[PDB]
Amino acid sequence: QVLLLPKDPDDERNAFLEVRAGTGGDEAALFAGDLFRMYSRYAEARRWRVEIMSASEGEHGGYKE
RNA sequence: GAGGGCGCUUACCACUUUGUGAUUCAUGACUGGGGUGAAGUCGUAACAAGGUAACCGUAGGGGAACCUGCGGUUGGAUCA
Ligand SMILES: [Mg+2]
Ligand SMILES: [Mg+2]
Ligand SMILES: [Mg+2]
Ligand SMILES: [Mg+2]
Ligand SMILES: [Mg+2]
Ligand SMILES: [Mg+2]
């Protein structure tokens, strides 16, 4: 029942969280503004730095990338 | 002796070889389009007079649907 056997490289490194619109077009680019709101609020629960480097917005709102 | 056989020889002829051409299948850097997409970008050309009535031939032009010229057609509308 011992829990920490293996090692893990890359495991503490910072991420590049990319979110892209799938099927739906203007609405798949409108749920993508709610996955970014899912993880950017999760990264503030445990004190991380979101850094919006590139973002192209949808027509009716959200993010297409 | 006549005649036959063997040999030789010539004629026809299969193998095989050379030249060139047709044709069909495979393939080829690349390129012209075509078809299918439960989402993208740029427009809105068509269907209502679709907001420039559409369309046919042809010609020229333009990212693209197209647009314009000349002729034609009604498979156009409104005529108070
Ligand atoms: Mg139109
Ligand atoms: Mg117009
Ligand atoms: Mg018109
Ligand atoms: Mg027109
Ligand atoms: Mg018409
Ligand atoms: Mg012109």
# chains A, B, ... in the order shown; residues from 1 in each chain; ligands from 1
>>> interface_residues(of="chain A", to="chain B", cutoff="6 Å", atoms="only C-alpha atoms (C1' of nucleotides)", output="compact mmCIF listing (two decimals) with C-alpha atoms, in the first residue's frame")
# COMPACT_ATOMS: atom_id res chain seq x y z
CA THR A 23 -17.13 21.07 -33.64
CA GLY A 24 -19.57 23.93 -33.27
CA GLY A 25 -17.72 26.82 -34.75
>>> closest_atom_pairs(of="chain B", to="ligand 4", cutoff="12 Å", atoms="only C-alpha atoms (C1' of nucleotides) and all ligand atoms", output="tab-separated table")
residue	atom	partner	partner_atom_place_in_ligand_line	distance
B:44	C1'	ligand 4	1 (Mg)	10.7
B:45	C1'	ligand 4	1 (Mg)	6.6
B:46	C1'	ligand 4	1 (Mg)	8.4
B:50	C1'	ligand 4	1 (Mg)	9.7
B:51	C1'	ligand 4	1 (Mg)	10.5
B:52	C1'	ligand 4	1 (Mg)	5.9
B:53	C1'	ligand 4	1 (Mg)	9.0
B:54	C1'	ligand 4	1 (Mg)	8.0
B:55	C1'	ligand 4	1 (Mg)	10.7
B:65	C1'	ligand 4	1 (Mg)	10.9
B:66	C1'	ligand 4	1 (Mg)	8.0
B:67	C1'	ligand 4	1 (Mg)	8.1
B:68	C1'	ligand 4	1 (Mg)	11.0
>>> select_by_dssp(residues="chain A", states="helix (DSSP H, G or I)", output="MDAnalysis selection string")
chainID A and resid 28:45
>>> residues_around(residues="residue A:37", least_positions_apart="5", cutoff="12 Å", atoms="only C-alpha atoms (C1' of nucleotides)", output="VMD selection string")
chain A and resid 17 19 30 to 32 42 to 44 50 52 62 to 63
>>> residues_around(residues="residue A:34", least_positions_apart="5", cutoff="12 Å", atoms="only C-alpha atoms (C1' of nucleotides)", output="JSON, numbers by chain")
{"A": [19, 20, 21, 27, 28, 29, 39, 40, 41, 61, 62, 63, 64]}
>>> write_last_selection(atoms="C-alpha atoms", output="PDB file, in the first residue's frame")
ATOM      1  CA  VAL A  19      -7.600  25.536 -25.732  1.00  0.00           C
ATOM      2  CA  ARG A  20      -9.060  25.320 -29.229  1.00  0.00           C
ATOM      3  CA  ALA A  21     -12.574  25.196 -30.621  1.00  0.00           C
ATOM      4  CA  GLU A  27     -20.375  27.893 -30.078  1.00  0.00           C
ATOM      5  CA  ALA A  28     -17.380  25.598 -29.776  1.00  0.00           C
ATOM      6  CA  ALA A  29     -15.472  28.867 -29.511  1.00  0.00           C
ATOM      7  CA  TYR A  39      -8.579  26.303 -15.394  1.00  0.00           C
ATOM      8  CA  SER A  40      -7.799  29.973 -14.768  1.00  0.00           C
ATOM      9  CA  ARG A  41     -10.091  29.813 -11.733  1.00  0.00           C
ATOM     10  CA  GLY A  61     -17.875  35.685 -27.577  1.00  0.00           C
ATOM     11  CA  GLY A  62     -15.444  33.279 -25.994  1.00  0.00           C
ATOM     12  CA  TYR A  63     -12.180  32.155 -27.584  1.00  0.00           C
ATOM     13  CA  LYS A  64     -11.465  30.433 -30.870  1.00  0.00           C
TER      14      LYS A  64
END
>>> atom_distance(atom1="atom CA of residue A:26", atom2="atom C1' of residue B:42")
16.3 Å
>>> atom_distance(atom1="atom 1 (Mg, counted along the ligand's line) of ligand 5", atom2="atom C1' of residue B:58")
22.2 Å
>>> atom_distance(atom1="atom 1 (Mg, counted along the ligand's line) of ligand 2", atom2="atom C1' of residue B:59")
24.6 Å
>>> decode(residues="stretch 19-35 of chain A", atoms="N, CA and C atoms", output="tab-separated table (two decimals), in the first residue's frame")
chain	number	residue	atom	x	y	z
A	19	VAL	N	-6.20	25.92	-25.59
A	19	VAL	CA	-7.60	25.54	-25.73
A	19	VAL	C	-8.05	25.96	-27.12
A	20	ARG	N	-8.61	25.02	-27.88
A	20	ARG	CA	-9.06	25.32	-29.23
A	20	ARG	C	-10.48	24.83	-29.45
A	21	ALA	N	-11.19	25.52	-30.34
A	21	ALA	CA	-12.57	25.20	-30.62
A	21	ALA	C	-12.67	23.97	-31.51
A	22	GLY	N	-13.58	23.08	-31.16
A	22	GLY	CA	-13.86	21.88	-31.92
A	22	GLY	C	-15.08	22.06	-32.80
A	23	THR	N	-15.91	21.02	-32.86
A	23	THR	CA	-17.13	21.07	-33.64
A	23	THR	C	-18.11	22.04	-33.00
A	24	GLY	N	-18.62	22.97	-33.79
A	24	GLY	CA	-19.57	23.93	-33.27
A	24	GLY	C	-19.28	25.30	-33.82
A	25	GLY	N	-18.02	25.62	-34.02
A	25	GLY	CA	-17.72	26.82	-34.75
A	25	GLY	C	-17.75	28.05	-33.88
A	26	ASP	N	-18.89	28.74	-33.88
A	26	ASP	CA	-19.05	29.91	-33.02
A	26	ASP	C	-19.46	29.54	-31.62
A	27	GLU	N	-20.02	28.35	-31.41
A	27	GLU	CA	-20.38	27.89	-30.08
A	27	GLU	C	-19.31	27.02	-29.46
A	28	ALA	N	-18.57	26.27	-30.27
A	28	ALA	CA	-17.38	25.60	-29.78
A	28	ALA	C	-16.29	26.58	-29.41
A	29	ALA	N	-16.32	27.78	-29.97
A	29	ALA	CA	-15.47	28.87	-29.51
A	29	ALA	C	-16.10	29.64	-28.37
A	30	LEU	N	-17.27	29.22	-27.91
A	30	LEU	CA	-17.96	29.86	-26.81
A	30	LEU	C	-17.98	28.98	-25.57
A	31	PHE	N	-17.78	27.67	-25.73
A	31	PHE	CA	-17.44	26.82	-24.61
A	31	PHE	C	-15.95	26.89	-24.29
A	32	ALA	N	-15.12	27.20	-25.29
A	32	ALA	CA	-13.69	27.35	-25.04
A	32	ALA	C	-13.38	28.54	-24.15
A	33	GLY	N	-14.26	29.53	-24.08
A	33	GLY	CA	-14.18	30.56	-23.07
A	33	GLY	C	-14.69	30.14	-21.72
A	34	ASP	N	-15.21	28.92	-21.59
A	34	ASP	CA	-15.59	28.36	-20.30
A	34	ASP	C	-14.68	27.24	-19.84
A	35	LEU	N	-13.85	26.67	-20.71
A	35	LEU	CA	-12.76	25.84	-20.22
A	35	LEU	C	-11.59	26.69	-19.76
